[PDB]
Ligand SMILES: *[C@@H]1O[C@H](CO[C@@H]2O[C@@H](C)[C@@H](O)[C@@H](O)[C@@H]2O)[C@@H](O[C@@H]2O[C@H](CO)[C@@H](O)[C@H](O)[C@H]2NC(C)=O)[C@H](O)[C@H]1NC(C)=O
Ligand SMILES: *[C@@H]1O[C@H](CO[C@@H]2O[C@@H](C)[C@@H](O)[C@@H](O)[C@@H]2O)[C@@H](O[C@@H]2O[C@H](CO)[C@@H](O)[C@H](O)[C@H]2NC(C)=O)[C@H](O)[C@H]1NC(C)=O
Ligand SMILES: CN(C)CCNC(=O)c1cc2c(cnn2CC2CCCCC2)cc1Cc1ccc(F)cc1F
Ligand SMILES: *[C@@H]1O[C@H](CO[C@@H]2O[C@@H](C)[C@@H](O)[C@@H](O)[C@@H]2O)[C@@H](O)[C@H](O)[C@H]1NC(C)=O
Ligand SMILES: *[C@@H]1O[C@H](CO[C@@H]2O[C@@H](C)[C@@H](O)[C@@H](O)[C@@H]2O)[C@@H](O)[C@H](O)[C@H]1NC(C)=O
Ligand SMILES: *[C@@H]1O[C@H](CO)[C@@H](O)[C@H](O)[C@H]1NC(C)=O
Ligand SMILES: *[C@@H]1O[C@H](CO)[C@@H](O)[C@H](O)[C@H]1NC(C)=O
């Protein structure tokens with residue numbers, strides 16, 4: 001029996017057998033007043049103590065959110081949908097400490113992704129019990145608000161200021177500062193890590209001053225704030241807020257009266273109208289996301305980055321080979337998870353209209369120009385592979401590289417990886433490759449479980465990734481010093497070296513997607 005006393009009360013953990021060892025899990029610790037009733041849309045209010053022993057023995061409610069209904073029954077897409085009840089009462093976090101209780105352990109804090117509209121910390125692929133067991137780090141994850149309930153913004157108006165989901169996270173980071181010492185964790189050695197919108201959330205904590213003192217280092221997996229889907233403009237955020245007010249009858253004229261009106265609508269009514277607040281939509285459409293609120297973010301983050309105004313520390317940043325493929329079966333004509341999705345120039349051109357709806361005819365032509373100079377015109381998958389690369393280079397790879405370039409320029413160590421291993425278990429078709437989101441199980445040491453059908457080569461690759469991530473977290477340097485591993489160079493805006501992760505040879509390469517990213521980063525922004 002194990003009971004930790006937090007500043008707000010006592011909490012009872014539970015015991016987990018992992019790899020002939022024992023990990024203690026604390027699942028579902030409240031970290032704020034439930035944002036219910038008059039607290040909907042407002043910032044997370046601090047929590048009143050409890051006298052009891054909170055039985056943090058089961059994952060808490062996931063936050064309200066629309067569910068991806070594109071592949072019922074299919075574990076490839078369903079493994080990402082929430083696996084506890086949805087509920088506005090969802091501000092909870094989890095703690096995996098190694099047993100025997102550590103003394104002064106590095107803390108890893110996981111922020112999930114999901115387009116800022118979806119996600120939950122209780123996913124099987126976010127299970128921190130492995131990392132605690134193998135590397136004796138403490139893993140913490142939290143649920144934060146998503147969609148309108150977590151990112152609605154009427155600027156200046158505390159009734160709905162924006163970035164509430166980000167403030168949810170930041171209140172969790174602070175819970176860890178005030179409480180993790182009781183769990184055997186060193187609040188002075190905290191590494192934020194996250195994926196996709198999680199990764200972009202991590203970058204926004206580097207920029208936000210109120211986060212400066214809540215963490216030590218940062219890890220950005222397939223995502224950063226300068227990604228085109230990541231920050232909403234103050235204009236759009238109001239249009240999207242008001243358009244939502246029409247669709248729900250809640251359109252008033254006193255702004256606060258509008259918010260008053262939405263607080264009395266049902267979570268399902270708000271959930272069901274979010275989709276239409278944009279006039280056109282793409283599969284990469286963050287309807288309600290981060291904005292420049294003058295509280296969490298003081299200015300347009302693209303400026304803060306450019307002018308060095310961020311927490312000075314080490315970052316580890318990477319992306320997956322085929323970031324873009326998953327999105328093609330959510331709309332692109334001629335694509336399917338269930339055939340080889342060979343497509344034509346005309347199908348290719350039509351999918352550009354799908355993925356860049358507001359872009360001029362010449363913008364769409366320029367994308368076709370820079371991705372169809374076929375080295376070999378014979379290949380039939382030319383246009384299929386091109387579109388995946390379009391979406392992946394524009395939405396994920398290039399913004400990650402540009403962020404690492406820019407952030408390293410102010411003198412901090414940065415390490416870049418390129419994950420190129422396709423899971424031996426992966427349930428999606430082969431034309432999709434190394435998909436967005438499918439390094440996460442390797443980062444969390446799930447292949448370390450030999451009773452899971454992963455190959456032995458995958459066991460090692462996970463084992464090495466878990467070592468590298470932990471060393472980065474403890475000592476700001478992501479090396480695997482013992483097993484004669486390939487050393488991981490720092491990323492310098494000059495030479496731009498990165499590490500490839502794979503089951504065969506881990507190599508050191510240079511200037512990833514240089515041709516493609518000069519286009520996306522210098523030309524295309526101007527069209
Ligand atoms: C700001 O919002 C208006 C309104 O959008 C319409 O109403 C919403 C509730 C939602 O259902 C949208 O799809 C609606 O279109 C936008 O103006 C609309 O623009 C679209 C573009 O296709 C047009 O078809 C509609 O008829 C327009 N309706 C009105 C009332 O103007 C406007 O474009 C939005 N601004 C931005 C920057 O997105
Ligand atoms: C690949 O499949 C797509 C998707 O269509 C569905 O999936 C198939 C596996 C099969 O069950 C189809 O009958 C399904 O409808 C096909 O795209 C369709 O293509 C036809 C003709 O090309 C067109 O009328 C439809 O509008 C398309 N629908 C969608 C949703 O894209 C595509 O033709 C298949 N291509 C190859 C090369 O196999
Ligand atoms: C990385 N994790 C975050 C993976 C989780 N799902 C997605 O990221 C995703 C979601 C998508 C789309 C297009 N529309 N929606 C709708 C969402 C958002 C709003 C309400 C309905 C649900 C595309 C993708 C990309 C995607 C899908 C499956 C997958 F295996 C890996 C992936 F990369
Ligand atoms: C919280 O849990 C208390 C003790 O839990 C029970 O006993 C221990 C030894 C374990 O076996 C555990 O799995 C058992 O459930 C309960 O006595 C107490 O009522 C619980 N409080 C709640 C659920 O509010
Ligand atoms: C815990 O340790 C604190 C300082 O050490 C920290 O850990 C190492 C790994 C580095 O990241 C370093 O920067 C950190 O400062 C002490 O101040 C603290 O009192 C220690 N507490 C206990 C209970 O051991
Ligand atoms: C809007 O309504 C609120 C709630 O009564 C009120 O306090 C606020 O001052 C109003 N503002 C205007 C401009 O009418
Ligand atoms: C190093 O190699 C041994 C086998 O010689 C393996 O059991 C161990 O876990 C490895 N550690 C890593 C890759 O971090």
Exercise for review: Return, ordered by residue number, the residues of the range 419-434 whose backbone nitrogen is under 20 Å from a label point located 7 Å along Cα→Cβ of residue 338.
Suggested key: 426-433
Point to revise | the chain - mean residue ellipticity at 222 nm from DSSP helices (-39,500 (n - 2.57) per run, n ≥ 4, rounded to 500) | key: -8000 deg cm²/dmol
Review point. Any idea how far apart residue 486 and residue 181 come out in nm if each label point goes 7 Å out from Cα toward Cβ?
Key: 4.3 nm
Exercise for review: Only bridges with both residues in the range 2-527 count here: give the DSSP antiparallel percent, nearest 5.
Suggested key: 40 percent
**Study point:** Rel. contact order, % - alpha carbon contacts under 8 angstrom, at least six apart, the range 136-190
**Key:** 26 percent
Exercise for review: Would you mind computing, in nm to one decimal, how far apart the modelled labels at residue 298 and residue 45 are, each placed 7 Å from Cα along Cα→Cβ?
Suggested key: 2.9 nm
Check your understanding: Could you state the number of Å between the C-alpha centres of the range 309-356 and the range 239-283?
Key -> 29 Å
**Study point:** Gain upon complete extension [residue 479, residue 5; 0.36 nm per residue less C-alpha separation]
**Key:** 167.1 nm
**Study point:** Added length on full extension, which subtracts the Cα-Cα distance from 0.36 nm per residue, residue 455 to residue 280
**Key:** 58.7 nm
**Study point:** Sequence-separation-based contact order of the range 2-527, relative, with Cα cut under 8 Å and 6+ spacing, percent
**Key:** 13 percent
Practice item. Provide, in order from the shortest bin, the percent of all Cα-Cα pairs of the range 2-527 in each 20 Å bin, continuing until the bin that contains the maximum pair distance. Key: 23, 58, 19, 0
Practice item. Enter the Cα centre distance for the pair the range 181-224 and the range 511-527, rounded to the nearest angstrom. Key: 28 Å
**Study point:** Relative contact order [Cα under 8 Å, 6+ residues apart], the range 179-307, whole percent
**Key:** 24 percent
**Study point:** Measure of compaction for the range 120-196 (Cα Rg per 2.2 N^0.38 Å)
**Key:** 1.31
Exercise for review: Over all alpha-carbon pairs of the range 441-527, lay out the pair-distance distribution in 10 Å bins, whole %, shortest bin first.
Suggested key: 15, 36, 27, 16, 4, 0
Check your understanding: Roughly speaking, what is the centre-to-centre gap between the range 357-387 and the range 1-46 when only Cα atoms are used, to the nearest Å?
Key -> 49 Å
Revision key, fill the gap. Per the rule of 0.36 nm per residue minus the C-alpha distance, extending residue 235 to residue 260 adds in nm 6.9 nm
Check your understanding: What distance in nm separates the simple spin-label points at residue 361 and residue 79, each placed 7 Å from Cα in the Cβ direction?
Key -> 4.4 nm
Review point. What's the FRET efficiency of residue 55 with residue 313 using the Cβ-Cβ distance as r and R₀ = 41 Å, to the nearest 0.05?
Key: 0.65
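Laboratory data are not the source of any read-out in this text; all were calculated from the coordinates shown. Note that we place each Cβ from the backbone using ideal geometry, even for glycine, and neighbour counts take in every protein chain shown.
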